[PDB]
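Single chain ahead, written as structure tokens, the form deposited in one PDB entry.
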């Protein structure tokens, strides 16, 4: 009630007022208090001129932002602060990379909105868990795959179909259909299996050179950009990436505990008795995150620093891995842990 009232009547605060470094790749959006994030979303939308350009109703946009935020639960990693930080990176790509020379205005808008919605109602477990636990979400979507991603998309649509929240409701039939198709494609691209399926096509696109007149290049670029936002925690400083690791493994390990309770053997990365965090993170950096940011660098020369930071963080896991071995005694001078 009161949150909506202040967003609506206080006016959209200037983006520069959030932090002097807010538009830099070195800014860490997790630094912003959660209570200030809904206004920051409106400030970013305004700074990208989407509110004016698409003549978005302000009461409707306020209601939509609050409803999207309210649509996240609170597991350790897949919560609203993740969606907010993913959306922020999308803003950073816009401000720093000149996306308008590559993408249509409506595609950029859809990317940002998709970022806000892309993990809606996440329950802290992955696609395989849905299927193994015979969840309602799997009853609905398992035959199509990307179970959680389909749910996230369905949740975004349900918000738009809530009276008072359809920020697109004045769009023409064609523009409305375009927006919803984009949101579908972008949200589904956050599944790893999807990314692995298109990786060679992404390589081929970077090799031949981006063609702005090629519809398929637009679609491929949107997928790559979405994935670069989803993984953007890795482009920050060491301290950020370390904290994020903690949150991700806490969540992964909770899942593994539930799998064990159902009589299943969890994947090693979900198994708190077998997971060795440094190797797992080095592998993620080397085999998944680094190639994504190397691709981004191939397409946007100004994205070079991003790849350099992810590479630097990968190096830091190597340097710190020796500390995971217990030399001497533990701090309590006891071998009670056996």
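Residue numbers count along the first chain shown, from 1. Residues that one form lacks are left out of the comparison. Basically, rigid core = biggest C-alpha set you can superpose within 1.5 Å across the two forms.
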* To do: Name the higher of the two by mean Cα B-factor in the PDB entry, 114 to 122 versus 140 to 148.
  => 140 to 148
* Structure fact -> The stretch whose C-alpha atoms carry the larger average B-factor in the entry, 222 to 230 or 172 to 180, is 172 to 180
* C-alpha B-factor winner, where the candidates are 161, 128, 213, 255 -> 213
* Structure fact -> The largest CA temperature factor among 93, 165, 192, 267 is found at 267
* Structure fact -> In terms of its chain's C-alpha B-factors, the third that includes residue 304 is the highest
* Sort the modelled residues of this chain by their C-alpha B factor and say whether residue 87 lands in the lowest, middle or highest third. => lowest
* Asked: By its CA B factor, does residue 58 count among the lowest, middle or highest third of the modelled residues in the chain?
  -> highest
* Please rank the C-alpha B-factors of the chain's modelled residues and tell me whether residue 98 sits in the lowest, middle or highest third. => highest
* Among the chain's modelled residues, which third holds the C-alpha B-factor of residue 69? -> lowest
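A second form of this protein, the form deposited in another entry, is not displayed here; the remarks below concern that form.
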* With the core lined up, does the C-alpha of residue 319 move 2 Å or more between this form and the one not shown? -> no
* To do: Would you tell me if residue 328 moves between this form and the one not shown by 2 Å or more at its C-alpha, with the rigid core held superposed?
  => yes
* Structure fact -> In sequence order, the stretches of at least 3 consecutive residues present in both forms and shifting by 2 Å or more at each Cα after core superposition between this form and the one not shown are 325 to 338
